[PDB]
Amino acid sequence: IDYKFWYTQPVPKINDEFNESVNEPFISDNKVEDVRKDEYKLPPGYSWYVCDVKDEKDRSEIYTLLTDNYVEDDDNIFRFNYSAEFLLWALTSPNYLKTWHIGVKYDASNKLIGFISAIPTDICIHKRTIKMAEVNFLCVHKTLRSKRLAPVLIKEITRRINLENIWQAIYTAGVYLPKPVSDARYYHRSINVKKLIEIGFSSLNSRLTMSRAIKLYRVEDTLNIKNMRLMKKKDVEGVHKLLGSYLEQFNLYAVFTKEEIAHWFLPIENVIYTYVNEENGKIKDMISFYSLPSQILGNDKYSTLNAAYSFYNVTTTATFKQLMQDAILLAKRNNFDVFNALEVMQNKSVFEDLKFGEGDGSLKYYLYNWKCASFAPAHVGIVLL
Ligand SMILES: CCCCCCCCCCCCCC(=O)CSCCNC(=O)CCNC(=O)[C@H](O)C(C)(C)COP(=O)(O)OP(=O)(O)OC[C@H]1O[C@@H](n2cnc3c(N)ncnc32)[C@H](O)[C@@H]1OP(=O)(O)O
Ligand SMILES: CCOC(=O)c1cnc2ccc(OCc3ccc(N4CCNCC4)nc3)cc2c1SCCC#N
Ligand SMILES: [Cl-]
Ligand SMILES: [Mg+2]
């Protein structure tokens, strides 16, 4: 493929490979005073719209758009189904700009048909921390694909980001663009296998009967780390230390403030779960996973897949293996059907012993306007929504 849009932009060409020692922007010495002050032109009968995520009604309009039009797997079994409460948590982190939540409406009908979002975060690439935008939730309605709207959405958000004197961005995708800094396979751990078979995702055979399948994915309902409990406000400082120390070994990761810690980890029902082990008034271990349901497309009996996604996990009092077994138990106790993770951080090493299956695709990590060595997913220490 040609990448007629992406080749205009400050990213790598497909054939670009840089040494471990090159770690700089593609275009340095940018200035806010030169950024375009006009909005990008939309085609006839479309308008830019500014979304207020904190208003139930606008938030529901985005929710409606994502429900019907977001990413489907290759085999169209599933469609991501971010909840309304989820979008509120993901779009209102500390210092979020309301102007970085960009909608597009069809004038004749007043209906949202397009969306792109960004929030600010500090990012450490190969030991240099940089102010960045994190881009998420790009979506064009199904009736309007392959009409070159995506680039308008990207250029527009780029423009508004540049106005805040920010010139770098991090994003993830299932698709291949120029060019990933890392590529990680996902892995699934069955919890309610009976459902995973009935919808057609998982398969039986003459060796693995229905009952043998259930027997194999059974977990013991007793935690290895006895005192593991839900995070509370008094745990923010201890979470900040533990996680700030652990993350420093990776090639790519976000630098968290106390404020971001409380925002990203304080538990919220059906959104984000965090557990901690506290001895001596000190936080020595933590487990976290987020809820991302999927719509199960065209199925008589089931409409929703309840899925937990591995977030950040750190142990100092047990093995990583034991910690994640406790994560899987904690997922099961909250009615999740499946536990998903990427081969990032220490995760790869436990997939075989804990009975994870290799999934069908992979998640690519990209930076905008950053030149650097690509690296294996073990060196990736950030998880994005
Ligand atoms: C300094 C600040 C920097 C800020 C900016 C940073 C960049 C952030 C970038 C955003 C990161 C998103 C992160 C994120 O949200 C997480 S990845 C999930 C994105 N969402 C979906 O997949 C939802 C369902 N699909 C859609 O809505 C459409 O397929 C979309 C709208 C994706 C494309 O609409 P369309 O109707 O299918 O296509 P056209 O309008 O005709 O446009 C075709 C052009 O779109 C390029 N394309 C396709 N998919 C892309 C993707 N996932 N990322 C980036 N680019 C993508 C494609 O390569 C082609 O360019 P080319 O001709 O060069 O090949
Ligand atoms: C039973 C186990 O399977 C699942 O839980 C599930 C649910 N909904 C999806 C919806 C779309 C999909 O397409 C491939 C894909 C496409 C993009 C993507 N991203 C992009 C950026 N944001 C989140 C992850 N992740 C996966 C796969 C899926 C999958 S499996 C593949 C990846 C995951 N999780
Ligand atoms: Cl227990
Ligand atoms: Mg289009």
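Hydrogens, waters and symmetry mates play no part in the numbers below; they use all other heavy atoms, side chains included. Residues: numbered from 1 along the sequence shown. In each ligand, atom 1 is the first atom listed, and ligand 1 is the first ligand listed.
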Query - Residue pair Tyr290, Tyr273: steps toward the ring-ring contact (aromatic ring centres under 6.0 Å, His included) verdict - result: CA-CA 6 Å; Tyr290 67 87; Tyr273 295 71; over 10 Å; no

Query - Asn136 contact mode with ligand 2 (heavy-atom cut-off under 4.0 Å) - result: neither

Report summary line: Of all protein heavy atoms, the one nearest atom 20 (N) of ligand 1 is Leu138 O, 2.9 Å

Report task. State, yes or no, whether a side-chain contact exists between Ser291 and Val271 at a heavy-atom distance under 4.5 Å. Result -> no

Report task. Take the angle between the ring planes of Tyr82 and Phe137 and call it parallel below 30°, perpendicular above 60°, tilted in between. Result -> perpendicular

Query raised in the report: Which of the atoms of ligand 1 are close to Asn162, meaning less than 4.0 Å from one of its heavy atoms?
Result: 1 (C)

**Report entry** Side chain, backbone, both or neither: the part of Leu305 lying under 4.0 Å from ligand 2 by heavy atom
**Finding:** side chain

Query raised in the report: Under a 4.0 Å heavy-atom limit, does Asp73 contact ligand 2 with its side chain, its backbone, both, or neither?
Result: both

Requested in this report: Please confirm whether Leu385 comes under 4.0 Å of ligand 2, counting heavy atoms of the residue only.
Outcome: yes

Query - atom 48 (C) of ligand 1 protein-contacted, heavy-atom criterion under 4.0 angstrom - result: no

Requested in this report: Ignoring angles and geometry beyond distance, decide whether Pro151 reaches within less than 3.5 Å of ligand 1 through its nitrogen or oxygen atoms.
Outcome: no

Query raised in the report: Does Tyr309 reach ligand 2, in the sense of a heavy atom lying below 4.0 Å from it?
Result: yes

Query raised in the report: So do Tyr171 and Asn136 actually touch side chain to side chain, heavy atoms under 4.5 Å?
Result: no

Report task. Using only heavy-atom distances, determine whether the side chains of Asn110 and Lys105 contain a donor-acceptor pair under 3.5 Å. Result -> yes

